[PDB]
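Peer 1: Below: the sequence, then the experimentally determined structure.
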Amino acid sequence: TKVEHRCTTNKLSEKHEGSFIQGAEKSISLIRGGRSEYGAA
Amino acid sequence: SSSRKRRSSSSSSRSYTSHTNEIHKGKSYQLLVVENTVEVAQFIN
């Protein structure tokens, strides 16, 4: 008598995370008249 | 795997595993300020 029994398996996992934040700010200002300390402020 | 023949017998097993991580970052900030003050807004020679 002869007997054989066998099994095999393959498995995977993956995970990801990602983030991207982007920003722009601009300001433009003009003042005329006044005194330079407060006009500066 | 396992086997018997006739008495004689044998068995075997395995694991293989591989794993990987990567993390990456880039940050940039730029500022420009250009500011002018005039206090004697005109001298005319």
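Peer 2: In hand now; what should we look at? Residues are numbered from 1 along each chain as shown, chains lettered A, B, ... in the order given.
Peer 1: Show me which residues of chain B are close to chain A?
Peer 2: Within reach of chain A by C-beta under 8 Å from any C-beta of the partner chain, chain B has these residues: B:1-6, B:37, B:39. (C-beta placed from N, C-alpha, C; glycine too.)
Peer 1: Put together a markdown table for those, with distance to residue B:29, secondary structure and neighbour count on each row.
Peer 2: A markdown table is the format used below for those (distance: C-beta to C-beta, whole Å; DSSP: H, G, I helix; E, B strand; the rest coil; neighbours: other C-beta atoms under 10 Å in any protein chain shown):
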| residue | distance to residue B:29 | secondary structure | neighbour count |
| --- | --- | --- | --- |
| B:1 | 60 | coil | 12 |
| B:2 | 64 | strand | 13 |
| B:3 | 67 | strand | 14 |
| B:4 | 71 | strand | 14 |
| B:5 | 73 | strand | 11 |
| B:6 | 78 | coil | 8 |
| B:37 | 26 | coil | 9 |
| B:39 | 32 | coil | 7 |
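Peer 1: and those residues, which two are the farthest apart?
Peer 2: For the residues of chain B next to chain A, the farthest-apart pair by C-beta to C-beta is B:6 and B:39; their separation is 110.1 Å.
Peer 1: where along chain A do the helices fall?
Peer 2: Along chain A, the stretches classed as helices by DSSP state H are A:36-40.
Peer 1: quick one: the strands in it?
Peer 2: Assigned by DSSP state E, chain A shows strands spanning A:2-5.
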